[PDB]
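Breakdown of the fold
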Amino acid sequence: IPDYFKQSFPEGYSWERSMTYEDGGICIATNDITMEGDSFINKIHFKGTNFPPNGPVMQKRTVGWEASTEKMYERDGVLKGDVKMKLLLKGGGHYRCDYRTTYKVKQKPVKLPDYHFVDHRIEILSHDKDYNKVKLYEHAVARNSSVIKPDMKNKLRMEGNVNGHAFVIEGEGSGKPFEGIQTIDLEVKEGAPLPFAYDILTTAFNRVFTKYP
C-alpha cells in the first residue's frame, strides 16, 4: 500500500471535499497542508448551506460520527476517497452524508491498479457548553481490499460560513503519523457561539496521520 500523503512532504498537499447530507444540507471544504519544521500547517475553508432550520444540524441534535470505511482509489491518475458517513442523532437515529474527496498529492499521476481502504474513528473527547473549546481525536488505519518524524505537531485555521453564519476556528495539536492517531485543541475565534452542530466541522479539522504499512 503506497502512502501518497507522507510522500508529499516537505512539499505538502491539498484536498477538496464535498459533503452531501440526506436532507439537502451541503458542505464544501478545502485544506492546503504544508510543513514548517516540526509542524503541519492547515489552511481550511469551509462552506455549508441549505441545512433545514429544524433539522439536526441547526438544532444540534447530533452526537458524533460513526466508524467509517473510506475507499482510496485512482481515477485518471487522480487520487480520490469515497466514504458514506453516519451522524448519530439524539434519540438514536442516523443522519447520512456522502463524502467525495480529491487528494491533490505530490505525485500528480498516481496509479493504483488496485484500491485500498482507510478505517476511521473520530471523536470529540471534551468540549465546553457552546463548543468554543473542543478537544478532537482521530484514529485512521489503512488496509488492503526521515522527513516525517514519529511525533509531529499539527496547526490549523478554519475560515467557515454555515447557513449564513461566518466564523473562524484555530487549533493546535499533535499526533503520531505512522500510528495514525492525533489530537487537536480547537478554539472559536470569531462567530461564537456557533449556532449549528459542531460535528459537521470535525472531519475538516490530514491523511498524513494514517497507519500505513
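Method of determination for the deposited model, per the PDB record: X-ray crystallography, at 2.30 Å resolution.

Moving on, we get to the overall build of the protein chain. Helices and strands together make up the secondary structure of the protein chain, namely one helix and twelve strands. Along the protein chain, from the amino end to the carboxyl end, the secondary structure elements read β-β-β-β-β-β-β-β-β-β-β-β-α. Here the C-alpha radius of gyration of the protein chain, 17 Å, is about what a compact globule of 213 residues would show, namely 17 Å. Here the C-alpha coordinates of the protein chain stretch approximately 45 × 35 × 25 Å along the principal axes.

Evaluated as defined, the whole model comprises 13 aromatic pairs. Ring geometry for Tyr131 against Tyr198: centres 5.8 Å apart, planes inclined by 25°, an arrangement best described as stacked. The exposure class assigned to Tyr198 is buried, which follows from its relative accessible area of 4%. Three or more aromatic residues joined by ring pairs make a cluster, and in this case those are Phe5, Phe9, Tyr13, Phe40, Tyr103 and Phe209.

Take the layout of surface pockets next. Of the pockets and cavities examined, the largest pocket occupies roughly 190 Å³. As for the largest pocket, its lining consists of 15 residues, of which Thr62, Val63, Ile124, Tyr131 and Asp199 are closest to the centre. Across the lining of the largest pocket, the residue classes tally to eight nonpolar, four polar and three charged.

Mapped onto the secondary structure, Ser174 falls in strand 11 (residues 165–176). Since its relative accessible area comes to 32%, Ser174 is described here as partly exposed. For the pair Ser174 and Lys153, spaced 21 residues apart in sequence, the C-alpha separation works out to 4.2 Å.

What follows concerns unusual backbone geometry. With an omega dihedral of 10°, the bond running from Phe9 to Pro10 counts as a cis peptide bond. Within the secondary structure, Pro10 sits in the segment before strand 1 (13–21). Following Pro113, the chain continues into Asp114 via a peptide bond in cis, with omega recorded as -5°. In this fold, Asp114 is placed in the loop between strand 7 (94–104) and strand 8 (116–127). Residues other than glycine seldom take positive phi values, yet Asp114 does so here, at roughly 105°.

What follows is about the side chain of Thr202. The topology assignment puts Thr202 in helix 1 (residues 199–202). Residue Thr202 is classed as buried on the basis of its relative accessible area of 3%. Reaching out from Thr202, the side chain makes a polar contact with the backbone oxygen of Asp199 at a distance of 3.1 Å.

Here strand 10 (residues 152–162) shows a buried face lined by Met152, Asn154, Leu156, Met158, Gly160 and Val162 and an unburied face lined by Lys153, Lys155, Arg157, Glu159 and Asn161. Here strand 3 (residues 39–49) runs beside strand 10; their pairing, made up of ten bridges, is parallel. Residue pairing across strands places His45 opposite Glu159, the latter belonging to strand 10. Of the pairings in the sheet, the one linking strand 10 to strand 11 comprises eleven bridges and is antiparallel in character. Bridging across to strand 11, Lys155 finds its partner in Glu172. The turn linking strand 10 back onto strand 11 is made up of two residues, and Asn163 within it adopts a positive phi angle of 50°.

Analysis parameters
- Residues numbered from 1 in each chain as written, not as in the entry; some residues may be left out.
- Heavy atoms only, no water.
- Residues with missing side-chain atoms left out of burial classes, pairs and counts.
- Helix = DSSP H or I, 4+ residues; strand = E, 2+ residues; numbered from the N terminus.
- Rg over C-alpha atoms; globule rule 2.2 N^0.38 Å.
- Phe/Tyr/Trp six-rings, centres within 6.5 Å; stacked < 30°, edge-to-face > 60°.
- Buried < 20%, exposed > 50% of the residue type's maximum accessible area, 1.4 Å probe, protein only.
- 1 Å grid on protein atoms, 1.4 Å probe; cavity = no way out; pocket = protein on both sides within 12 Å on 5 of 7 lines; lining within 4 Å.
- Points joined across faces, edges and corners; volume = space filled by probe spheres on them.
- Nonpolar A, V, L, I, M, F, W, Y, C, P; charged D, E, K, R; others polar.
- Polar contact = N/O pair within 3.5 Å; in protein donor to acceptor, adjacent residues only side chain to side chain.
- Pairing = 2+ DSSP bridges.

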